[PDB]
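So this first bit is one chain, no partners, the form deposited in one PDB entry, shown in structure tokens.
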């Protein structure tokens, strides 16, 4: 089977549509998400034309192997989509109406800069490579683009699923390629991060600052070192569920900055002890009294600066 011949010199327009049934496994480390959807294609193949008076049927149904079907592929998939043809219907004029249900792992880079208060635009790129005989161009039938009301992506809010109607027509290996951009806009549900990571991490930091109301070096060492170990645990936990970024993230900056506060607290606790041993507790008392105000103030200002830079 060869492609449909042109009436004049026009390219073959293949109208497309993606209808998402399910959205799952959005992997941050992998920068991949899974989709189970309907792919609908429509083109005119005048060779399939029939008279329903003779045929006895107003619409003809064909098996995929029986007729010519345009080779529509996905650009950013891991492996070739698992597809199952739902229906192929030809009307008397030769207008084929193809429908398949597919599942694919999609590659969509994520921007972790504002994590976990980030939003993402996922992409599903449809492509068609033109044949020798005639050029194939993609189109969007907006009536056949959508998503199920029950589509739930765990820990994410699905904002919109739209298509960039104008295809990206370009040359590749001396043949015309027509690309289409299906954009799924999502925003992260940041709720859980607050009682599970943020607040537990701030509590262990404030516990370390209780060493500013203690004269016991032994207990202060314990307070600041133990809480530093708990912060290393939170740092590990956070970085394990995230890919290695060549840029600084919001959570990354905060986690890092907090290490400096622990370092300076160790220095303060050390300075205080050296002075007490040197029989200068009045000077040690001045530094400790200052730290009590300085540490929360500098922490609060630094966080205002960071939130301002990122958001």
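Positions refer to the first chain, counted from 1. Definition used throughout: the rigid core is the maximal C-alpha set that superposes within 1.5 Å between two forms.
Unshown form deposited in another entry; subsequent notes refer to it.
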{"query": "Out of 77, 139, 228, 176, the residue that alone shifts its CA by 2 Å or more between this form and the one not shown when the rigid core is the reference", "finding": "139"}
{"query": "CA-CA separation of residue 141 and residue 130, closer or farther in the other form than in the form shown [shift of 3 angstroms or more]", "finding": "farther"}
{"query": "Outcome for the Cα pair residue 18, residue 143 in the other form, compared with this form (closer or farther; change of 3 Å or more)", "finding": "closer"}
